[PDB]
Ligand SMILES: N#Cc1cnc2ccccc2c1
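To begin, one chain is listed below as structure tokens, in the form solved without this ligand.
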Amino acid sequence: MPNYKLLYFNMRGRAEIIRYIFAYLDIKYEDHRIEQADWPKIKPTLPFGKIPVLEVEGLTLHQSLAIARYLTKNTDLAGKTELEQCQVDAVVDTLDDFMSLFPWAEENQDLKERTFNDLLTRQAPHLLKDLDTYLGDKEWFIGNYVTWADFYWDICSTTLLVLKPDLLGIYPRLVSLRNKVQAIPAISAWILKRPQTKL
């Protein structure tokens, strides 16, 4: 129904969860991508000087997870009951907590590459085992229906595999889960048309 304008860098990054939700709900929007070179001109015009932001009817929303949660309201993706909605939120928060540990902006490319290494080999196995245990034998994180938490797992694991290709080898269940998310038609189409980018 309404017109949407997503603004972010030409990368999956923080905006990708929003792009998945739009794809799934078949909601049209302008996927406005900017190059790093353009950022300096744009940054000062945004509320809290950061992206992504969503222009909705001339109102600029910010914060990717706040926007994702807003787009999924009164939708099954958010979770059917209030208890499930909290569980969906908790999983996205657990995954985001981890991805936030990565020093993506680290200037020192030595320390960075060395921290990435620690994270990927020391902490990840703990996150993965709890996540695996949580998922158990359910079809999706929450149960028998897909939620935006499952989308987030696909989004997060994609970048992580770019970092450490063999990261998921010991977790077939987590593998099957991301495979399932990727098989959903609306997502498969998006994945194929989406710009090939590293992060």
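One rule holds for the numbers: they count along the sequence shown, beginning at 1.
A second form of this protein, the form solved in complex with this ligand, is not displayed here; the remarks below concern that form.
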{"item": "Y152, heavy atom within 4.5 angstroms of this ligand in the deposited bound form", "value": "yes"}
{"item": "is_contact(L120, this ligand) in the deposited bound form, heavy atom dist at most 4.5 Å", "value": "no"}
{"item": "This ligand contact at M11 in the deposited bound form, heavy atom, 4.5 Å", "value": "yes"}
{"item": "Residue contact check: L192 to this ligand in the deposited bound form, 4.5 Å heavy atom", "value": "no"}
{"item": "Residues from 113-136 in contact with this ligand (non-hydrogen atom within 4.5 Å) in the deposited bound form", "value": "none"}
